[PDB]
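See structure below.
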Amino acid sequence: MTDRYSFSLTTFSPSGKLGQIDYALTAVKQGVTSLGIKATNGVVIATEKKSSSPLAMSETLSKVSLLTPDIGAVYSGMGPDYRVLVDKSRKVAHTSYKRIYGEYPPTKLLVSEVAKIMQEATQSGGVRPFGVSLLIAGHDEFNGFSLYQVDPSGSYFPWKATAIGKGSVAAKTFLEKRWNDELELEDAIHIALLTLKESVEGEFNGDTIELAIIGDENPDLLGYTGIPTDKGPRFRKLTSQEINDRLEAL
Amino acid sequence: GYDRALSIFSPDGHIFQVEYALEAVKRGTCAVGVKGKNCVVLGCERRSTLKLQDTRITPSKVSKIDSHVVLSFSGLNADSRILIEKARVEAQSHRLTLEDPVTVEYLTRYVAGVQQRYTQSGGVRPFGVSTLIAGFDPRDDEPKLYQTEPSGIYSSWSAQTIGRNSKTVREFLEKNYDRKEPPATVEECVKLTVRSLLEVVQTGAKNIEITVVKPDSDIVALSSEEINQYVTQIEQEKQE
Amino acid sequence: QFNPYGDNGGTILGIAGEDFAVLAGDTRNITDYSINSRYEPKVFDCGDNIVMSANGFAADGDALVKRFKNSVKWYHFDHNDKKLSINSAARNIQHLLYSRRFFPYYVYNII
Amino acid sequence: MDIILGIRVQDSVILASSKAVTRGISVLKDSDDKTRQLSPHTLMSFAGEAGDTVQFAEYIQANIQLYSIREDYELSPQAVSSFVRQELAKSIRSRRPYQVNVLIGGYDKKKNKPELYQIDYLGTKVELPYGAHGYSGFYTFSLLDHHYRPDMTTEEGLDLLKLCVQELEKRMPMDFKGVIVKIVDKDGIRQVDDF
Amino acid sequence: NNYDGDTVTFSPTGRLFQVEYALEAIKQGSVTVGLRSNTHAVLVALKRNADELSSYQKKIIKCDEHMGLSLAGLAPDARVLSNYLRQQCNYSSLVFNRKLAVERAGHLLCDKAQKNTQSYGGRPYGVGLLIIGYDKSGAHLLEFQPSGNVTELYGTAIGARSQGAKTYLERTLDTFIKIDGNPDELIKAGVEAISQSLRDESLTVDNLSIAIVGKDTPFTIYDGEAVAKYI
Amino acid sequence: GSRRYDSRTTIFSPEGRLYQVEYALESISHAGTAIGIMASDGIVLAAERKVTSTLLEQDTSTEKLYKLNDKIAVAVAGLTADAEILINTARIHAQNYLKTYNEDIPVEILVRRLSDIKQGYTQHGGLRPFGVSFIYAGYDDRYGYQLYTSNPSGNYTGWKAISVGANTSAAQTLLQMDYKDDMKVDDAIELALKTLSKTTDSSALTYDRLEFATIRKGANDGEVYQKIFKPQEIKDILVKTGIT
Amino acid sequence: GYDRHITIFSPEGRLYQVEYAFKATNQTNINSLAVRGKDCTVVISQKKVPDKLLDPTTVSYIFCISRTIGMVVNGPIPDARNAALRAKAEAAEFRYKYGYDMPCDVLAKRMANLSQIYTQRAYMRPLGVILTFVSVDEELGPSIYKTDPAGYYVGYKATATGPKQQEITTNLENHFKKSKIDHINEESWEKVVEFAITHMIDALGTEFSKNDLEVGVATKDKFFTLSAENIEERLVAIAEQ
Amino acid sequence: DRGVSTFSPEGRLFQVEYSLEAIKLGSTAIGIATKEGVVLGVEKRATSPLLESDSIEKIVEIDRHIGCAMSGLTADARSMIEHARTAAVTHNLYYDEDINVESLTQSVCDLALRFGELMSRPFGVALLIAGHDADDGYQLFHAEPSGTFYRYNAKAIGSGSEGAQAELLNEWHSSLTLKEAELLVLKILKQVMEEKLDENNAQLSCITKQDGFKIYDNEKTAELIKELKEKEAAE
Amino acid sequence: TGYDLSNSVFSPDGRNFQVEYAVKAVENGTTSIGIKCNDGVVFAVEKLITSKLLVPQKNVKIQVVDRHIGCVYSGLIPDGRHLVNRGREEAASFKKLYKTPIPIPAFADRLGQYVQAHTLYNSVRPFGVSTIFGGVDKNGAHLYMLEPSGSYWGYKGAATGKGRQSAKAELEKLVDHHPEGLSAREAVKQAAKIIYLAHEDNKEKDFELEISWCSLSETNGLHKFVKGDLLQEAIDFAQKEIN
Ligand SMILES: [Cl-]
Ligand SMILES: [Mg+2]
Ligand SMILES: [Mg+2]
Ligand SMILES: [Mg+2]
């Protein structure tokens, strides 16, 4: 046995293209649309719950995932690749930061660590690149609210608002017209729901849409009282009912 | 670990990777070595395609391995640094274990052995570098000049050149260098080294580097003006 | 605490003649004040006209002799059945003993 | 080994080191030079357990000489002393630590100042005008505390050193067979052949 | 064709071509004969030279006092496998004070050769071996192929033109098996057997190599003027 | 076995070139242009962001100019992800040197170390090289202000003025024309921006499409200051030089 | 065209080796079905013993992973047993390390992550199997979670796997469209098994004897398989109404 | 591509056969064994007149009683010589004696097939190992990259090998003196060499029981060349 | 195409062609069978006499694992020996830890997983053998057959090799005509017959019969070879049936 693939599977072609990264990006293009919008007092990330079967319980499959109490993530592309990246992202937030500094990492540095993992899959031996693009929204004390995109190459860019996947080109155009620097969180959620309706074919409701926010601290979700400085997580996943309420005022 | 055999024999009995490494040397800038009666001179070409260069900080072509030995090269620049570093480490290791500095022949044999090792080790390619190693052994006044190449063979030379258009300058040295009476002085040795490069270089401005090594760790690099005086005198005698 | 060494007693004697040599040893094996055997051979024919005896701790003595006999066997395989000279055997035995400098064979050897 | 002294004067560093090597009740040598030139303007004297001393000194020497060749540049005495300290601080938590104390005397050609560093086997570094290792300082520090000025000449430094040595020769029970003295200044390193 | 690049690849008909090519190296090798009775076992080998100035390549190797073999094919591979046998025979003696059974020696060679036919990177052994020996169950003769197959036989031959000697032994089966307590006559039958594989060249003094083992006979090799008796 | 699928990233062509290094350089030629100019009293680093969007958060963005330590910075041309792997290694190396010798690392030593790492990927390991070319801008007390470049081959050279990435041929000609030895930082700033403005593939050169930085002794007395320009500060220097 | 031999991307952003592993899933030509009751989870699978020389008791694609978790496999038996052994080892290790029984959905995720690795790492091939994990979880209640060669997994109200999965899937879809609930409203597991068999008969259009079926049942604190005689009793009750 | 340890359909290792082609391109080396000693001679073949020919080291000492000449990719021989010297020297440590020439040759040949995917390829050099021991007397061996070694009374390797071997076929007899062998090597070298044979482009050496292994001076060889010319002109 | 050049590669069918090519090597080998009886199992194998020079009864093909399991195989003989060596390691470690001798179903999976592992990587070749094995444990008699893919099932009767179709047909008759069961001594006789009947597919060269058995009553649940009079009795019965 032994892993005898100690050589790179991603290499430069004569034209300077890294084929496997381009092909990974093509897989992301086929994936279901997801988006992120940054407000003055929060960030929103959203996507469609494309259910493979009506017998399948789509609540058990979570496309939007908590990485830290103040950082969340959503994706477009290959679901299984996303799931393992979330597992690694959660762990690296502890091993390379929290166990050293006694606090959770800022958004940009966690993104940097995830980006590193994805870059290594682009150069290391006997592996293919991850077939996903991530949108990571988060908050931290000194940088405030932020939204980052991470691609299969490992490259990451900060965004005011963006979209990835199936209908990203149209969705990014839609966001350019609506976005401004004075948006409140509720306005951003409203714009997110409008933008997402254009890329969805079938049912459009709280059960087929997955949406989370990074906003105010939630002391009700902390699980304990007695420490004033601990005020609770800023990440919150909106319920099916909470989404439907905002679809009536749509 | 990556174990792939890159350097292998072909049906006609050739190791193409080693031969292709020689082509990389052929592409490299010209380097020349001439030994006189009481000195050795190392000449090197600098291609003038690169101007706006900072000549203070740009890696010099001739490298000191120890206080009494120098190494110049032709071929891949990055590859040469690895050989030079290894050579420098070995030179100190020799002083540390045997309480004597390396002989020029020993240092050459080490560098050549490293090059050979990279022609039959798994997962590695040969060095795209040929070197000229020159100096004087400790407590000795006999000049030493050796050459190495990617295959790992090495030998001693009265005078030798490597790199691009080395065929031409070797032709010049073969008819101009006399073994029975070599360059008796430093001037004569430097003059012959500059003359040989002027067959190939193009302009005699900042394209020629000269490094003189004398006995007892007396090594010095000539400046632009000092070399320019040789270039002037050569061409003025040529106009006749 | 476990003591890996022991003393099996015994005494050996080697005398060299002009064209011959003898290696003698008693056949008694003991621990403390008890007798283990009244006849336990201690001197061995190792091949190539060499006789050997490792006296002291019998377990180490048996191991050394066993290893030297093996060294003679492999000397024949590796060097075209060449006869192992007594001086070459002595040098080989030095290397067997010093291979355990830091956990010695507790024996005094004579060939 | 036994006694190593160091004193930084106006324009140089003076290092005095004993000549004796002893194995039990016998003096094996009475002309031992307990020092290595690390670079043309940096000298290191040393004392500790047999073997460790020379092995460490020559190991440091080789590393500094390697740096000099690679960069075609002499490291500052401060940079050298820091490198040495790190090697000793690394050594103290190793399987078998180097049992060596050192003095590093150097002339910084950039700042045009002499510098003396005292480093013990634990990796304890201190910059000083004068210093000693072992039982040496116990006898000499009172004289140095009294007589030392920072504007002293090299000749005045040597005279103060002779006084320190005279006190050692009187009150120390061990015969260390005199000292080899070396001066480190702008022009390099030289040995005082008569002391 | 497309399935002979390495040992790890079956062909569409279930063949291992690298093993078959290793088998081919044996057929190119010089002839060697093996045969036994109930009391003794004999090896006879035709040694090959490079030219008239050269020596004749040795074919027979001793493994223990009671066991040894003859080779046909790549000689260095025989040196590796014979060294392995020497160690195994020796492990049996040192640990168990027991002479290694010839049948068990065959099983060990089979298993060693097999590992080289199923793994990537390595190659099969390019040599055939004829192992003779005398153990607690009497005389034995084995034939080793680098495919891994080991076979116990009354007699056999391997190498170039080995079919002639093998036919002879197949006729003589009833005669030479009965040659008990007579080493010289058993060797004669072996020398006569290997002679059926000769063309142009004949058995000379430095050409022939013989080895024997038996009841009260340690494994010994005969070369030079020692085999002139049998020419 | 696995041999079948091995591209063999570390081999010579018949002509004596390294395939993957050459193809990596081809990749870098499509990257945004980065320019470095060295003056007597400082160094300028200018670089062009690639076809940006209006929704990109520029003030928190960094794709070209990175800080290695207080004295040394780099401009990137190529795969950003690859560059960050190397940048973090260089940052660690600078700190190792500072811990060992208690002095800031000389620029060339840091450059050599990174270049040696790049070289290793071309000679062994069977891995693809880093598709990155750096411009190093730095200062130390030995050589003063220094500009270097390194490329995927692991070869590095020193420069008075240099460009990497797209349109380097055109950019190097323009720099070679207008550069002089007695030049100052304020003049070098103007040269860098003018060169980008003429070589750019975009219709017009604006603040949102640029990253800019200077290393000046223009700090209070004998010391060096790094200035990574903010979006508003890039907008001001574009008006000052008369481009917008 | 070596992008079809190992798990790297094709120009279309596809992994052909993963897609071909999905096709190996149907090589056995067996259909499985899983449904949830109130207190239980039932899984049924077709049993085909073509050779008379086979010992029919040893022919099985249902596995008892732990006391609480059961697993049915759709695909070749070597890969099926490979997955079964690993899941058993993982379930046991989990209990040792974390002090409580491994949940069905957590095991499914773990096995799905292992499958994901085979789609990314070149030297490892995907297993040509679809794994359906069933239990009565102590927190989530009756549970069905299914894993595939792509590394995808999800929970189910009910599910079906095999060549004729679509016919079974639609049959189940139509039932839950009527009842408007996420399970079979039935007290005893015996009647939930009867429901499962009845709806497979209707969907496939074939009658079953006792030796044609294989049944696994998950209750609180134990998972077990039914014997041929237990299935016969089940078939008799179906025929009598 | 294909495995490094692959067998051809004929039952030969591709890489070993290809390394033999590299040895055919190498400079000529000849060995002749007699009862008075073994002579070793080589063609130096300098690529240029500026190359100091005395630095060309194709004849090498392994021990006092064993010498060695090489032909082919001579850089590959350095690690083989190093191993041989270590083996000879180590055996003296373990057994307080000289090592047999055959045993030394066997040790060198054990390295040969240690290649795969150990070193990445076979050696591209052949060796003529000459020496003397008490058991088998004066000996000459030819060590190939196949791991095979043949003993020879006389042997030529390199570019002019088959032509030289045919000449050695006729000239060698069991009663050859050392002086006769010296001239015979010079005669055959002069026949197969491209350039004209002299003391600077050819080198002689020998191994005797008394004096051990000795490389001949250029002055000593020059006299033997002059002695050769006169005896050929004598008839 | 090219899907059949490397092991562990799925074809567009979802097949591993390298494993299917390994089966061809099995089909090329000699015939071997297994018969499950009332309180045990019987194994038999066809040994082709390539030459008169082969020593009779010496080249033993059937192998024992532990003391209660018998193994026989058809195809590449060395591959079978490798598999049995592993089986012996597996049986030893089981007994070391758990004290009791390894049960047959447990043992069957140990081989199954090992063989299956050689279909997961291109760095290894699949096994070129189908292995028939079994014995007696605490739960009674068990017979198994294991293919190159790692696939195995329990059997009433099993057969593999060049004469497998002929053998299978004969085994099917015994299952039909003996629903209540077959005795151990009967199974030995029937085993001899079936190998003789299966020899029509290898009728060029003559052969040697080799039989073994494990039985609770006849061998105390231990694996033993059928020797001497009992072997000759089975040969006579077999020779009588073909004529
Ligand atoms: Cl996991
Ligand atoms: Mg990636
Ligand atoms: Mg201190
Ligand atoms: Mg894979």
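Residue numbers (our numbering), protein chains in the order written: chain A, 9 to 258; chain B, 19 to 258; chain C, 17 to 127; chain D, 48 to 242; chain E, 12 to 242; chain F, 88 to 331; chain G, 3 to 243; chain H, 27 to 261; chain I, 15 to 257.
Don't be surprised by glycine CBs; every beta carbon is placed ideally from N, CA and C.
Using only CA atoms, which one of I:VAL37, I:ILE249, I:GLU224 lies nearest to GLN77 (chain I)? I:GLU224
By the criterion of Cβ-Cβ separation under 7 Å, what are the contact partners of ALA86 (chain E) in chain H? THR174
Contact criterion: CB-CB distance below 8 Å. Does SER25 (chain I) meet it with respect to chain G? yes
Can a CB atom of chain G be found closer than 8 Å to the CB of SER89 (chain F)? yes
Chain B partners of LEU113 (chain D), CB-CB under 9 Å? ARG106, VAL107, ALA109, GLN110
In whole angstroms, what is the alpha-carbon distance linking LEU46 (chain H) and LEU230 (chain H)? 25 Å
Does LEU64 (chain E) pass the burial test, meaning 16 or more other C-beta atoms within 10 Å, or should it be called exposed? buried
Taking only runs of the beta strand (DSSP E) that begin and end inside the region 161 to 213 of chain A, which ones reach a length of at least 3 residues, in chain order? 164 to 166, 169 to 172
Using a Cβ-Cβ distance cut-off of 8 Å, determine whether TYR188 (chain F) contacts chain D. yes
The region 61 to 81 of chain E touching the region 72 to 87 of chain H, judged by at least three CB pairs closer than 8 Å: no
Please classify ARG55 (chain D) as buried or exposed, where buried requires at least 16 neighbouring CB atoms within 10 angstroms. buried
Spell out whether any CB of chain F is found under 8 Å from the CB atom of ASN95 (chain B). yes
I need the boundaries of the alpha helix (DSSP H) containing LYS75 (chain I), first residue and last residue. It is not in any alpha helix (DSSP H) - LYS75 (chain I) carries neither H nor E in the DSSP assignment.
Could you list which residues in chain C have their beta carbon closer than 8 Å to that of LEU105 (chain E), in chain order? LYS82, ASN86
CA nearest to the CA of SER23 (chain A), picked from F:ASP169, F:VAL108, F:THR287, F:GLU102: F:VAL108
Closer than 9 Å, Cβ to any Cβ of chain F: which residues of the region 129 to 144 of chain E, in chain order? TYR131, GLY132
What are the partner residues of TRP227 (chain I), as DSSP defines its beta bridges? I:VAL56, I:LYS238
With distance defined between alpha-carbon atoms, name the residue in H:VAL115, H:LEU137, H:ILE56 nearest to residue 290 (chain H). There is simply no residue 290 (chain H) to check, as chain H begins at 27 and stops at 261 in what is shown.
Quick one: what does DSSP say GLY177 (chain I) is sitting in, helix, strand or coil? coil
Can you have a look at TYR128 (chain B) and say buried or exposed, based on whether 16 or more other CB atoms are within 10 angstroms of its CB? buried
Among A:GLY87, A:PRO88, A:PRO113, whose alpha-carbon lies nearest the alpha-carbon of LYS99 (chain A)? A:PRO113
The region 68 to 87 of chain A contacting the region 141 to 160 of chain A, beta-carbon criterion three pairs below 8 Å: yes
Report the residue from D:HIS88, D:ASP58, D:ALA63, D:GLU203 whose alpha carbon sits nearest the alpha carbon of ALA179 (chain D). D:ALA63
From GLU192 (chain A) to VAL51 (chain A), what distance separates their C-alpha atoms? 9 Å
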